[PDB]
Amino acid sequence: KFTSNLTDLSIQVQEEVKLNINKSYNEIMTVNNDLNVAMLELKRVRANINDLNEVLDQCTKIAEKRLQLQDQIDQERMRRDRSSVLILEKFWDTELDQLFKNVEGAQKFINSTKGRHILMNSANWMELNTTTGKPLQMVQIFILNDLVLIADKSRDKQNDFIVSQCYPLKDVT
Amino acid sequence: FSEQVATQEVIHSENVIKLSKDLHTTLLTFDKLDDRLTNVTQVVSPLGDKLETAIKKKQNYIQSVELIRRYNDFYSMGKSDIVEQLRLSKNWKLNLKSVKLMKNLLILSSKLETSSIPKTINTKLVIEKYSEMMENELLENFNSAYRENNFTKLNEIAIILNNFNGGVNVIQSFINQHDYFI
Amino acid sequence: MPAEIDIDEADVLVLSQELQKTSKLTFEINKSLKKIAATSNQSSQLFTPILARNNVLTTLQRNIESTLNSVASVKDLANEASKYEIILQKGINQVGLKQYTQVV
Amino acid sequence: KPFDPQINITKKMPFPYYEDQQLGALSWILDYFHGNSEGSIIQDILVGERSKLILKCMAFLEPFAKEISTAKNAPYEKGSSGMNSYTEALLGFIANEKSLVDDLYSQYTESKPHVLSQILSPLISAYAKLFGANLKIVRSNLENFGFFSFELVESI
Amino acid sequence: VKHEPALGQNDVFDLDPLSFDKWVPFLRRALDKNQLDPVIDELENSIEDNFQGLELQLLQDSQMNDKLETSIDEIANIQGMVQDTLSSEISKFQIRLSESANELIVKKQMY
């Protein structure tokens with residue numbers, strides 16, 4: 001009779017613990033499966049966040065390394081006030097990354113490519129036919145540092161060689 | 001004068017000084033970051049370790065049974081289209097053309113070595129075509145005829161029929177359903 | 001250079017905009033423990049009772065399945081042990097992994 | 001099986017890696033042999049298996065690296081013996097040694113790098129030997145062969 | 001879980017399970033006569049899905065269970081340390097952005 005209890009309680013053990021615990025690991029370890037993918041890709045982009053600790057909490061600590069390299073310089077022992085490159089070099093390499101925001105926007109190169117450190121604004125001015133007062137075609141307004149690109153980017157969806165109503169800012173009125 | 005140079009003194013000196021101190025403390029923070037990340041994925045070895053257990057004989061049983069009712073279709077006699085969808089559920093909704101007409105053509109495409117050669121794949125694709133025509137009337141009933149169903153009856157019943165594609169035939173059944181007045 | 005002399009507010013506040021981009025990295029960090037630790041709490045509570053049911057196997061069905069033969073008789077073990085001189089003398093690859101090793 | 005590891009350097013091919021048809025039965029047989037506690041024994045046997053197989057494949061590349069065939073041509077004179085590829089496949093089979101050996105675990109196990117000592121300390125002695133061989137053909141004369149020593153530096 | 005999809009007929013590719021798709025259907029049933037003589041071998045492949053299926057079913061719930069303990073326990077303690085590290089990151093941009101606008105405010109005083 002205890003062997004009958006082995007058939008009942010132990011068929012419940014193998015059959016019911018295997019099938020019921022098969023539901024526990026099937027559904028619940030399916031939640032651990034998809035949630036394991038969640039913490040998996042979260043671990044990957046978390047390692048990209050650790051890369052951002054190198055890409056920002058070390059890169060701006062490289063900016064801080066130049067900063068306390070200049071307070072570490074402290075070479076007055078007033079004309080050593082050029083303590084930044086990122087006053088020129090990374091500031092016109094950041095503003096030459098506005099020649100890469102320019103060169104991306106193109107946004108000269110096309111053939112001016114001189115000085116848009118602050119390529120200071122862009123707008124969406126659908127232009128007007130100035131005589132009749134009706135509308136003209138649309139135009140991106142590319143107000144660079146010292147030259148204007150009133151460019152009809154239609155149907156020039158780039159922003160590579162768009163219609164450049166252009167001049168220099170020093171006599172733009 | 002030294003108001004401006006006082007901005008150079010406090011701002012430059014304190015900015016450089018607490019820039020190095022706060023950024024170095026931030027480097028200690030990044031040390032705790034990779035610490036917890038290393039202990040995290042190191043604790044996440046049991047994830048993959050348990051995750052090898054995806055015993056896809058379930059896939060061999062839905063696939064073996066897919067071969068089975070596929071052969072029920074492939075007797076040219078798969079009349080198991082419970083009417084006609086089956087109604088309100090065949091996967092969760094109308095799936096007589098979803099799991100089966102795509103198995104009428106894709107299991108018409110299921111060539112083992114010879115396996116009921118292209119005499120059978122054509123008329124099996126004509127079961128994909130009859131169930132495709134009733135599928136067109138089905139999602140047409142879902143969204144083109146209703147056309148009053150702001151609920152899932154247009155939305156998640158044709159989108160329950162979103163294993164079938166080509167919804168600009170349904171927009172064709174919007175210039176023939178909703179712009180039919182137009 | 002020729003006119004850019006006020007670069008501290010713009011390159012440094014742009015570096016503070018980069019620190020505002022690194023404040024967006026702190027949104028990636030609060031997002032990091034948010035999404036990742038959310039998967040931790042969610043899968044954690046999601047599979048703790050899976051460890052209670054795997055524990056129901058691993059405590060109750062474990063020593064229950066062990067003490068099946070708590071008393072078990074004398075001749076029958078010779079019978080089916082001799083039938084494991086049938087099956088254990090079929091080789092490994094005929095019999096199979098937990099077939100062979102579980103008969104062991 | 002044995003093979004020239006240069007064939008996996010000439011053709012640059014990925015190194016042999018056992019797989020799960022074994023490995024489930026392998027680790028199963030291991031912790032199975034930690035109920036039986038003889039996983040240490042079959043472990044030391046396995047150190048036998050792969051250690052000797054590295055003596056087989058690395059018995060192929062004993063040939064072109066025991067002999068540094070450029071003795072005194074200019075003196076040095078080519079940069080072109082085979083202790084480089086010797087040490088190359090030595091480290092790469094140290095690599096798939098490291099992975100493929102230290103895969104198969106119920107994760108916490110003590111002797112896993114001690115296994116790596118059991119397999120590679122003789123191969124440490126193998127590099128120490130052929131390190132001896134090129135250490136003495138590049139010996140007894142500065143500029144024998146004296147610049148070529150730097151590639152030995154490379155290898156070490 | 002990971003089942004109950006449409007799956008018909010994804011990867012058409014009849015998989016030749018015991019080559020019963022190859023033997024009965026694709027070698028004695030080549031031109032759509034059979035599968036009626038082969039449909040018996042398909043139901044026989046369903047009994048083989050109960051014996052192959054029972055065989056894999058034995059090995060299905062077989063690997064258990066010791067322990068994946070610090071999966072849950074280190075998920076808990078590492079989750080609390082994840083909370084404290086998140087406090088270190090929010091604190092990090094707290095004092096960091098505090099200094100950024102602080103000396104960008106004294107640097108706006110340099111403006």
# chains A, B, ... in the order shown; residues from 1 in each chain; ligands from 1
$ closest_atom_pairs --of "chain D" --to "chain C" --cutoff "9 Å" --atoms "only C-alpha atoms" --output "Markdown table"
| residue | atom | partner | partner_atom | distance |
| --- | --- | --- | --- | --- |
| D:24 | CA | C:97 | CA | 8.9 |
| D:25 | CA | C:97 | CA | 6.6 |
| D:28 | CA | C:97 | CA | 8.8 |
| D:29 | CA | C:101 | CA | 8.3 |
| D:32 | CA | C:101 | CA | 8.3 |
$ write_last_selection --atoms "N, CA, C and O atoms" --output "short mmCIF file (atom, residue, chain, number, x, y, z; two decimals), in the first residue's frame"
data_model
loop_
_atom_site.label_atom_id
_atom_site.label_comp_id
_atom_site.auth_asym_id
_atom_site.auth_seq_id
_atom_site.Cartn_x
_atom_site.Cartn_y
_atom_site.Cartn_z
N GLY D 24 27.53 18.56 -22.39
CA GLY D 24 26.48 18.24 -21.43
C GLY D 24 26.76 16.93 -20.71
O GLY D 24 26.67 16.86 -19.48
N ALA D 25 27.14 15.90 -21.46
CA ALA D 25 27.57 14.66 -20.82
C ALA D 25 28.90 14.83 -20.11
O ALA D 25 29.20 14.07 -19.20
N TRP D 28 28.11 16.91 -16.93
CA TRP D 28 27.26 15.95 -16.26
C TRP D 28 28.07 14.83 -15.64
O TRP D 28 27.90 14.51 -14.46
N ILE D 29 29.01 14.27 -16.40
CA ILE D 29 29.92 13.25 -15.90
C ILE D 29 30.86 13.81 -14.84
O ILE D 29 31.30 13.08 -13.95
N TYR D 32 28.42 14.60 -11.63
CA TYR D 32 28.25 13.16 -11.47
C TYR D 32 29.46 12.51 -10.83
O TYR D 32 29.33 11.66 -9.94
#
$ closest_atom_pairs --of "chain E" --to "chain A" --cutoff "10 Å" --atoms "only C-alpha atoms" --output "Markdown table"
| residue | atom | partner | partner_atom | distance |
| --- | --- | --- | --- | --- |
| E:1 | CA | A:26 | CA | 4.5 |
| E:2 | CA | A:30 | CA | 7.3 |
| E:57 | CA | A:18 | CA | 9.5 |
| E:58 | CA | A:18 | CA | 9.0 |
| E:60 | CA | A:22 | CA | 8.3 |
| E:61 | CA | A:18 | CA | 5.6 |
| E:62 | CA | A:18 | CA | 8.2 |
| E:92 | CA | A:57 | CA | 9.5 |
| E:93 | CA | A:57 | CA | 9.8 |
| E:96 | CA | A:57 | CA | 9.7 |
$ write_last_selection --atoms "N, CA, C and O atoms" --output "PDB file, in the first residue's frame"
ATOM      1  N   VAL E   1       8.327  29.002 -21.691  1.00  0.00           N
ATOM      2  CA  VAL E   1       7.154  28.843 -22.538  1.00  0.00           C
ATOM      3  C   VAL E   1       7.588  28.781 -24.000  1.00  0.00           C
ATOM      4  O   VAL E   1       8.043  27.731 -24.460  1.00  0.00           O
ATOM      5  N   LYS E   2       7.435  29.911 -24.702  1.00  0.00           N
ATOM      6  CA  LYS E   2       7.882  30.116 -26.089  1.00  0.00           C
ATOM      7  C   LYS E   2       7.251  29.109 -27.058  1.00  0.00           C
ATOM      8  O   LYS E   2       7.930  28.283 -27.672  1.00  0.00           O
ATOM      9  N   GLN E  57      10.664  14.455 -23.294  1.00  0.00           N
ATOM     10  CA  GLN E  57       9.909  14.951 -22.148  1.00  0.00           C
ATOM     11  C   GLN E  57      10.538  14.501 -20.838  1.00  0.00           C
ATOM     12  O   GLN E  57      10.458  15.214 -19.830  1.00  0.00           O
ATOM     13  N   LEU E  58      11.143  13.312 -20.828  1.00  0.00           N
ATOM     14  CA  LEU E  58      11.880  12.863 -19.652  1.00  0.00           C
ATOM     15  C   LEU E  58      13.092  13.750 -19.403  1.00  0.00           C
ATOM     16  O   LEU E  58      13.316  14.215 -18.279  1.00  0.00           O
ATOM     17  N   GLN E  60      13.318  16.706 -20.431  1.00  0.00           N
ATOM     18  CA  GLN E  60      12.882  18.099 -20.406  1.00  0.00           C
ATOM     19  C   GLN E  60      12.994  18.691 -19.007  1.00  0.00           C
ATOM     20  O   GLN E  60      13.657  19.714 -18.805  1.00  0.00           O
ATOM     21  N   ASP E  61      12.355  18.057 -18.025  1.00  0.00           N
ATOM     22  CA  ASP E  61      12.372  18.523 -16.646  1.00  0.00           C
ATOM     23  C   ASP E  61      13.411  17.790 -15.813  1.00  0.00           C
ATOM     24  O   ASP E  61      13.196  17.546 -14.621  1.00  0.00           O
ATOM     25  N   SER E  62      14.539  17.430 -16.416  1.00  0.00           N
ATOM     26  CA  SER E  62      15.487  16.546 -15.760  1.00  0.00           C
ATOM     27  C   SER E  62      16.626  17.272 -15.060  1.00  0.00           C
ATOM     28  O   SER E  62      17.107  16.789 -14.031  1.00  0.00           O
ATOM     29  N   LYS E  92      26.335  62.204  -8.805  1.00  0.00           N
ATOM     30  CA  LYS E  92      27.467  62.574  -9.646  1.00  0.00           C
ATOM     31  C   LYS E  92      27.106  63.723 -10.572  1.00  0.00           C
ATOM     32  O   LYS E  92      27.842  64.708 -10.665  1.00  0.00           O
ATOM     33  N   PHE E  93      25.973  63.627 -11.263  1.00  0.00           N
ATOM     34  CA  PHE E  93      25.520  64.778 -12.029  1.00  0.00           C
ATOM     35  C   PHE E  93      24.886  65.848 -11.156  1.00  0.00           C
ATOM     36  O   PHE E  93      24.659  66.960 -11.639  1.00  0.00           O
ATOM     37  N   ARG E  96      28.074  67.486 -10.040  1.00  0.00           N
ATOM     38  CA  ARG E  96      28.803  67.774 -11.270  1.00  0.00           C
ATOM     39  C   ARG E  96      28.120  68.874 -12.062  1.00  0.00           C
ATOM     40  O   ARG E  96      28.769  69.825 -12.507  1.00  0.00           O
TER      41      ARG E  96
END
$ closest_residue --among "B:4, B:60, B:26, B:165" --to "chain A" --atoms "only C-alpha atoms"
B:26
$ select_by_dssp --residues "chain A" --states "strand (DSSP E)" --output "PyMOL selection string"
chain A and resi 121-128+135-143+147-152+163-168
$ residues_around --residues "range 106-114 of chain B" --least-positions-apart "5" --cutoff "6 Å" --atoms "only C-alpha atoms" --output "tab-separated table (two decimals) with N, CA and C atoms, in the first residue's frame"
chain	number	residue	atom	x	y	z
B	121	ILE	N	1.35	21.29	-54.98
B	121	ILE	CA	1.67	22.61	-54.46
B	121	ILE	C	0.79	23.67	-55.10
B	124	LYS	N	-2.80	23.15	-53.55
B	124	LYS	CA	-2.62	23.56	-52.16
B	124	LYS	C	-2.49	25.07	-52.06
E	9	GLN	N	3.40	27.94	-42.78
E	9	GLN	CA	4.46	26.96	-42.55
E	9	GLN	C	5.83	27.63	-42.61
E	12	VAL	N	9.83	26.30	-44.62
E	12	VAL	CA	8.98	25.32	-45.32
E	12	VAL	C	9.57	23.92	-45.27
E	13	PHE	N	10.76	23.74	-45.86
E	13	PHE	CA	11.90	23.02	-45.26
E	13	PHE	C	11.58	21.90	-44.27
E	14	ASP	N	10.90	20.84	-44.73
E	14	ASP	CA	10.10	19.87	-43.95
E	14	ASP	C	10.89	19.10	-42.86
E	21	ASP	N	9.30	12.31	-43.25
E	21	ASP	CA	8.94	13.20	-44.34
E	21	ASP	C	9.66	12.84	-45.63
E	22	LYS	N	10.84	12.24	-45.53
E	22	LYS	CA	11.59	11.84	-46.71
E	22	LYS	C	11.21	10.45	-47.20
E	26	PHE	N	8.20	11.60	-49.28
E	26	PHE	CA	9.04	12.07	-50.38
E	26	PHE	C	9.72	10.94	-51.14
E	30	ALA	N	5.57	10.60	-54.02
E	30	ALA	CA	6.28	11.71	-54.66
E	30	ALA	C	5.35	12.67	-55.40
$ atom_distance --atom1 "CA of residue 63 in chain A" --atom2 "CA of residue 8 in chain C"
12.1 Å
$ closest_atom_pairs --of "chain E" --to "chain B" --cutoff "8 Å" --atoms "only C-alpha atoms" --output "Markdown table"
| residue | atom | partner | partner_atom | distance |
| --- | --- | --- | --- | --- |
| E:3 | CA | B:58 | CA | 6.9 |
| E:4 | CA | B:62 | CA | 7.8 |
| E:5 | CA | B:91 | CA | 7.7 |
| E:6 | CA | B:99 | CA | 4.7 |
| E:7 | CA | B:99 | CA | 6.4 |
| E:8 | CA | B:103 | CA | 4.5 |
| E:9 | CA | B:103 | CA | 4.3 |
| E:10 | CA | B:106 | CA | 7.0 |
| E:11 | CA | B:110 | CA | 8.0 |
| E:12 | CA | B:110 | CA | 4.2 |
| E:13 | CA | B:110 | CA | 5.3 |
| E:14 | CA | B:112 | CA | 5.0 |
| E:15 | CA | B:112 | CA | 7.1 |
| E:16 | CA | B:112 | CA | 6.4 |
| E:21 | CA | B:112 | CA | 6.0 |
| E:22 | CA | B:112 | CA | 5.7 |
| E:25 | CA | B:115 | CA | 4.9 |
| E:26 | CA | B:115 | CA | 3.8 |
| E:27 | CA | B:114 | CA | 6.8 |
| E:29 | CA | B:116 | CA | 6.1 |
| E:30 | CA | B:116 | CA | 4.8 |
| E:31 | CA | B:116 | CA | 4.5 |
| E:32 | CA | B:116 | CA | 3.9 |
| E:33 | CA | B:116 | CA | 7.1 |
| E:34 | CA | B:116 | CA | 7.4 |
| E:35 | CA | B:75 | CA | 6.2 |
| E:36 | CA | B:75 | CA | 7.0 |
| E:39 | CA | B:71 | CA | 6.8 |
| E:42 | CA | B:68 | CA | 6.2 |
| E:43 | CA | B:68 | CA | 7.3 |
| E:45 | CA | B:64 | CA | 7.8 |
| E:46 | CA | B:64 | CA | 7.3 |
| E:49 | CA | B:61 | CA | 6.9 |
| E:53 | CA | B:57 | CA | 7.2 |
| E:56 | CA | B:57 | CA | 7.1 |
| E:60 | CA | B:55 | CA | 6.6 |
| E:68 | CA | B:46 | CA | 6.1 |
| E:70 | CA | B:43 | CA | 6.8 |
| E:71 | CA | B:43 | CA | 5.6 |
| E:74 | CA | B:43 | CA | 6.4 |
| E:75 | CA | B:43 | CA | 7.3 |
| E:78 | CA | B:40 | CA | 6.7 |
| E:81 | CA | B:36 | CA | 7.2 |
| E:82 | CA | B:36 | CA | 6.8 |
| E:85 | CA | B:33 | CA | 6.8 |
| E:88 | CA | B:29 | CA | 6.6 |
| E:89 | CA | B:29 | CA | 7.4 |
| E:92 | CA | B:26 | CA | 6.4 |
| E:95 | CA | B:22 | CA | 7.7 |
| E:96 | CA | B:22 | CA | 6.8 |
| E:99 | CA | B:15 | CA | 7.5 |
| E:103 | CA | B:11 | CA | 5.4 |
| E:106 | CA | B:11 | CA | 5.5 |
| E:107 | CA | B:11 | CA | 6.2 |
| E:109 | CA | B:7 | CA | 6.6 |
| E:110 | CA | B:7 | CA | 5.8 |
$ residues_around --residues "residue 61 in chain D" --least-positions-apart "6" --cutoff "12 Å" --atoms "only C-alpha atoms" --output "PDB file with C-alpha atoms, in the first residue's frame"
ATOM      1  CA  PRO D   2      46.833  16.147 -34.532  1.00  0.00           C
ATOM      2  CA  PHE D   3      47.567  18.588 -37.354  1.00  0.00           C
ATOM      3  CA  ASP D   4      50.117  21.220 -38.198  1.00  0.00           C
ATOM      4  CA  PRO D   5      49.018  24.372 -36.332  1.00  0.00           C
ATOM      5  CA  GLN D   6      50.791  26.278 -39.088  1.00  0.00           C
ATOM      6  CA  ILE D   7      47.966  24.983 -41.293  1.00  0.00           C
ATOM      7  CA  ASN D   8      45.726  26.945 -38.921  1.00  0.00           C
ATOM      8  CA  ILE D   9      48.220  29.831 -39.299  1.00  0.00           C
ATOM      9  CA  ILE D  54      49.167  20.090 -27.589  1.00  0.00           C
ATOM     10  CA  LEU D  55      52.267  17.944 -27.636  1.00  0.00           C
ATOM     11  CA  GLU D  67      66.185  25.400 -35.842  1.00  0.00           C
ATOM     12  CA  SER D  81      62.283  32.039 -38.418  1.00  0.00           C
ATOM     13  CA  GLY D  82      59.352  30.084 -37.070  1.00  0.00           C
ATOM     14  CA  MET D  83      59.522  30.695 -33.346  1.00  0.00           C
ATOM     15  CA  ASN D  84      56.992  33.453 -34.071  1.00  0.00           C
ATOM     16  CA  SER D  85      54.326  31.036 -35.335  1.00  0.00           C
ATOM     17  CA  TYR D  86      55.407  28.530 -32.660  1.00  0.00           C
ATOM     18  CA  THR D  87      54.619  31.088 -29.989  1.00  0.00           C
ATOM     19  CA  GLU D  88      51.554  32.224 -31.973  1.00  0.00           C
ATOM     20  CA  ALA D  89      49.711  28.913 -31.977  1.00  0.00           C
ATOM     21  CA  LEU D  90      51.232  28.276 -28.570  1.00  0.00           C
ATOM     22  CA  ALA D 126      58.203  23.523 -23.653  1.00  0.00           C
ATOM     23  CA  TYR D 127      58.599  27.223 -24.354  1.00  0.00           C
ATOM     24  CA  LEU D 130      62.760  25.987 -27.321  1.00  0.00           C
TER      25      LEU D 130
END
$ interface_residues --of "chain A" --to "chain B" --cutoff "7 Å" --atoms "only C-alpha atoms" --output "list in words"
residues 33, 36, 50, 53, 57, 61, 64, 65, 67, 68 and 71 of chain A
$ closest_residue --among "D:31, D:110, D:49, D:151" --to "chain E" --atoms "only C-alpha atoms"
D:31
$ residues_around --residues "range 136-148 of chain A" --least-positions-apart "6" --cutoff "12 Å" --atoms "only C-alpha atoms" --output "PyMOL selection string"
(chain A and resi 95+98-99+101-102+105-108+111-130+154-159+162-173) or (chain C and resi 3-4)
$ select_by_dssp --residues "chain D" --states "helix (DSSP H, G or I)" --output "MDAnalysis selection string"
chainID D and resid 7:10 20:35 39:60 63:66 83:103 112:137 149:155
$ residues_around --residues "residue 22 in chain C" --least-positions-apart "2" --cutoff "9 Å" --atoms "only C-alpha atoms" --output "list in words"
residues 52, 53, 56 and 57 of chain A; 16, 17, 18, 19, 20, 24, 25, 26, 27 and 28 of chain C; 93 and 97 of chain E
$ residues_around --residues "residue 95 in chain D" --least-positions-apart "3" --cutoff "12 Å" --atoms "only C-alpha atoms" --output "PDB file with N, CA, C and O atoms, in the first residue's frame"
ATOM      1  N   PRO D  14      40.291  28.971 -37.449  1.00  0.00           N
ATOM      2  CA  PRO D  14      39.950  28.882 -36.027  1.00  0.00           C
ATOM      3  C   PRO D  14      40.295  27.527 -35.442  1.00  0.00           C
ATOM      4  O   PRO D  14      40.217  26.493 -36.107  1.00  0.00           O
ATOM      5  N   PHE D  15      40.684  27.554 -34.181  1.00  0.00           N
ATOM      6  CA  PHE D  15      41.250  26.393 -33.532  1.00  0.00           C
ATOM      7  C   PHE D  15      40.135  25.452 -33.084  1.00  0.00           C
ATOM      8  O   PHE D  15      38.980  25.872 -32.959  1.00  0.00           O
ATOM      9  N   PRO D  16      40.447  24.159 -32.913  1.00  0.00           N
ATOM     10  CA  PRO D  16      39.425  23.184 -32.508  1.00  0.00           C
ATOM     11  C   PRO D  16      38.757  23.498 -31.177  1.00  0.00           C
ATOM     12  O   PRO D  16      39.388  23.982 -30.237  1.00  0.00           O
ATOM     13  N   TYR D  17      37.452  23.227 -31.124  1.00  0.00           N
ATOM     14  CA  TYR D  17      36.616  23.549 -29.973  1.00  0.00           C
ATOM     15  C   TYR D  17      35.534  22.483 -29.863  1.00  0.00           C
ATOM     16  O   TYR D  17      34.650  22.417 -30.723  1.00  0.00           O
ATOM     17  N   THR D  87      55.180  30.393 -31.131  1.00  0.00           N
ATOM     18  CA  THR D  87      54.619  31.088 -29.989  1.00  0.00           C
ATOM     19  C   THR D  87      53.212  31.594 -30.291  1.00  0.00           C
ATOM     20  O   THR D  87      52.404  31.737 -29.369  1.00  0.00           O
ATOM     21  N   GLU D  88      52.881  31.770 -31.569  1.00  0.00           N
ATOM     22  CA  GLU D  88      51.554  32.224 -31.973  1.00  0.00           C
ATOM     23  C   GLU D  88      50.496  31.178 -31.666  1.00  0.00           C
ATOM     24  O   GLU D  88      49.556  31.424 -30.897  1.00  0.00           O
ATOM     25  N   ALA D  89      50.637  29.995 -32.265  1.00  0.00           N
ATOM     26  CA  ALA D  89      49.711  28.913 -31.977  1.00  0.00           C
ATOM     27  C   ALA D  89      49.895  28.382 -30.572  1.00  0.00           C
ATOM     28  O   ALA D  89      48.966  27.781 -30.028  1.00  0.00           O
ATOM     29  N   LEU D  90      51.069  28.588 -29.979  1.00  0.00           N
ATOM     30  CA  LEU D  90      51.232  28.276 -28.570  1.00  0.00           C
ATOM     31  C   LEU D  90      50.299  29.124 -27.720  1.00  0.00           C
ATOM     32  O   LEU D  90      49.576  28.590 -26.880  1.00  0.00           O
ATOM     33  N   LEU D  91      50.199  30.419 -28.010  1.00  0.00           N
ATOM     34  CA  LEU D  91      49.292  31.260 -27.244  1.00  0.00           C
ATOM     35  C   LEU D  91      47.842  31.097 -27.657  1.00  0.00           C
ATOM     36  O   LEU D  91      46.957  31.350 -26.837  1.00  0.00           O
ATOM     37  N   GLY D  92      47.566  30.704 -28.897  1.00  0.00           N
ATOM     38  CA  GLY D  92      46.181  30.620 -29.314  1.00  0.00           C
ATOM     39  C   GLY D  92      45.536  29.321 -28.889  1.00  0.00           C
ATOM     40  O   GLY D  92      44.330  29.249 -28.625  1.00  0.00           O
ATOM     41  N   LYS D  98      42.203  27.898 -22.649  1.00  0.00           N
ATOM     42  CA  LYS D  98      41.642  28.641 -21.524  1.00  0.00           C
ATOM     43  C   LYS D  98      40.124  28.614 -21.545  1.00  0.00           C
ATOM     44  O   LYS D  98      39.486  28.266 -20.540  1.00  0.00           O
ATOM     45  N   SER D  99      39.536  28.961 -22.690  1.00  0.00           N
ATOM     46  CA  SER D  99      38.089  28.931 -22.847  1.00  0.00           C
ATOM     47  C   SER D  99      37.554  27.516 -22.703  1.00  0.00           C
ATOM     48  O   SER D  99      36.866  27.197 -21.727  1.00  0.00           O
ATOM     49  N   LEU D 100      37.955  26.639 -23.629  1.00  0.00           N
ATOM     50  CA  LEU D 100      37.368  25.310 -23.774  1.00  0.00           C
ATOM     51  C   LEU D 100      37.608  24.436 -22.556  1.00  0.00           C
ATOM     52  O   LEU D 100      36.732  23.654 -22.174  1.00  0.00           O
ATOM     53  N   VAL D 101      38.780  24.551 -21.938  1.00  0.00           N
ATOM     54  CA  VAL D 101      38.987  23.948 -20.625  1.00  0.00           C
ATOM     55  C   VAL D 101      38.063  24.578 -19.592  1.00  0.00           C
ATOM     56  O   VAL D 101      37.255  23.892 -18.956  1.00  0.00           O
ATOM     57  N   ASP D 102      38.133  25.895 -19.429  1.00  0.00           N
ATOM     58  CA  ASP D 102      37.453  26.497 -18.295  1.00  0.00           C
ATOM     59  C   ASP D 102      36.001  26.843 -18.587  1.00  0.00           C
ATOM     60  O   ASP D 102      35.380  27.570 -17.808  1.00  0.00           O
ATOM     61  N   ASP D 103      35.449  26.330 -19.689  1.00  0.00           N
ATOM     62  CA  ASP D 103      34.001  26.303 -19.864  1.00  0.00           C
ATOM     63  C   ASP D 103      33.335  25.451 -18.799  1.00  0.00           C
ATOM     64  O   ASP D 103      32.513  25.933 -18.012  1.00  0.00           O
ATOM     65  N   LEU D 116      44.733  24.739 -15.422  1.00  0.00           N
ATOM     66  CA  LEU D 116      45.497  25.466 -16.427  1.00  0.00           C
ATOM     67  C   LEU D 116      46.998  25.408 -16.136  1.00  0.00           C
ATOM     68  O   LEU D 116      47.811  25.392 -17.065  1.00  0.00           O
ATOM     69  N   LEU D 120      49.523  23.670 -18.695  1.00  0.00           N
ATOM     70  CA  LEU D 120      50.416  24.606 -19.355  1.00  0.00           C
ATOM     71  C   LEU D 120      51.788  24.726 -18.710  1.00  0.00           C
ATOM     72  O   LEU D 120      52.715  25.157 -19.394  1.00  0.00           O
TER      73      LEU D 120
END
$ closest_atom_pairs --of "chain D" --to "chain B" --cutoff "12 Å" --atoms "only C-alpha atoms" --output "Markdown table"
| residue | atom | partner | partner_atom | distance |
| --- | --- | --- | --- | --- |
| D:20 | CA | B:52 | CA | 10.6 |
| D:24 | CA | B:52 | CA | 10.6 |
| D:103 | CA | B:49 | CA | 11.3 |
| D:104 | CA | B:49 | CA | 11.2 |
| D:105 | CA | B:49 | CA | 10.2 |
| D:106 | CA | B:49 | CA | 9.4 |
| D:107 | CA | B:45 | CA | 8.5 |
| D:108 | CA | B:45 | CA | 11.3 |
$ write_last_selection --atoms "C-alpha atoms" --output "mmCIF file, in the first residue's frame"
data_model
loop_
_atom_site.group_PDB
_atom_site.id
_atom_site.type_symbol
_atom_site.label_atom_id
_atom_site.label_comp_id
_atom_site.auth_asym_id
_atom_site.auth_seq_id
_atom_site.Cartn_x
_atom_site.Cartn_y
_atom_site.Cartn_z
ATOM 1 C CA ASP D 20 27.729 20.364 -26.358
ATOM 2 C CA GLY D 24 26.484 18.236 -21.431
ATOM 3 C CA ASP D 103 34.001 26.303 -19.864
ATOM 4 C CA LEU D 104 32.779 23.118 -18.378
ATOM 5 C CA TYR D 105 31.799 24.047 -14.861
ATOM 6 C CA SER D 106 29.294 24.200 -12.230
ATOM 7 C CA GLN D 107 30.639 27.672 -11.990
ATOM 8 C CA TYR D 108 32.484 27.753 -8.676
#
$ closest_residue --among "C:50, C:95, C:103, C:87" --to "chain A" --atoms "only C-alpha atoms"
C:50
$ closest_residue --among "C:32, C:73, C:40, C:23" --to "residue 76 in chain E" --atoms "only C-alpha atoms"
C:40
